[PDB]
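1. sequence plus experimental coordinates follow:
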Amino acid sequence: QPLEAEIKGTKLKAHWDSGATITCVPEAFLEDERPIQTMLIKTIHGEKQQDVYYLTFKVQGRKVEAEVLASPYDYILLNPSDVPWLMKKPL
């Protein structure tokens with residue numbers, strides 16, 4: 001059951017993953033954007049750096065802004081730190 005989210009006014013499906021500590025979005029939303037900060041990641045094949053993008057999107061009808069990473073996926077990934085209310089039941 002994918003969640004609903006709106007990025008830059010664009011409506012798309014999203015997935016909640018507590019394992020993720022940072023929101024992850026598809027480059028399709030960063031193609032014409034710019035990363036405010038970058039992160040360095042070391043891998044067995046070599047060292048890779050991940051760019052960070054601060055975007056604004058609605059989470060279940062809730063305007064919320066957070067940094068997201070660009071990914072080849074076709075959806076969005078929400079973290080438990082950005083959507084702390086999702087863990088709590090709605091009133």
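-> Right, received. Where do you want to start? Residues are numbered from 1 along each chain as shown.

2. any idea what the closest residue to residue 75 other than its chain neighbours is bridged to?
-> Nearest residue to residue 75 in three dimensions, chain neighbours excluded: residue 13, at 5.5 Å (CB to CB, 6 or more residues apart in numbering). (C-beta placed from N, C-alpha, C; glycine too.) With DSSP bridges applied, residue 13 shows beta-bridge pairing to residue 4.

3. quick one: residues contacting residue 13.
-> Listed by CB atoms under 8 Å, 6 or more residues apart in numbering, the contact partners of residue 13 are 2-5, 75-76.

4. what of residue 38?
-> Under the criterion of CB under 8 Å, 6+ apart, the neighbours of residue 38 are 49-52.

5. over to residue 70?
-> The contact partners of residue 70, taken as CB under 8 Å, 6+ apart, are 25-27, 29-30, 51, 53.

6. go again using 7 Å as the cut-off
-> The neighbours of residue 70, taking CB atoms under 7 Å, 6 or more residues apart in numbering as the test, are 25-27, 30, 51, 53.

7. all strands of the protein, in order?
-> Ranges of strands within the chain are 3-7, 10-16, 23-26, 37-42, 47-59, 63-71, 76-78, based on DSSP state E.

8. can you list these in JSON lines and add distance to residue 87?
-> JSON lines is the format used below for the strands of the chain (distance: least, CB to CB, whole Å):
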{"stretch": "strand 3-7", "distance to residue 87": "13"}
{"stretch": "strand 10-16", "distance to residue 87": "9"}
{"stretch": "strand 23-26", "distance to residue 87": "15"}
{"stretch": "strand 37-42", "distance to residue 87": "25"}
{"stretch": "strand 47-59", "distance to residue 87": "12"}
{"stretch": "strand 63-71", "distance to residue 87": "14"}
{"stretch": "strand 76-78", "distance to residue 87": "11"}
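
9. how about the nearest residue to residue 82, chain neighbours excluded?
-> residue 66 (4.2 Å).

10. how about residue 87?
-> Leaving aside its sequence neighbours, residue 87 sits nearest to residue 80 (CB to CB, 6+ apart; 6.2 Å).

11. and for the one you found, the neighbour number?
-> One way to gauge burial is a neighbour count; for residue 80, by other CB atoms under 10 Å, it gives 14.
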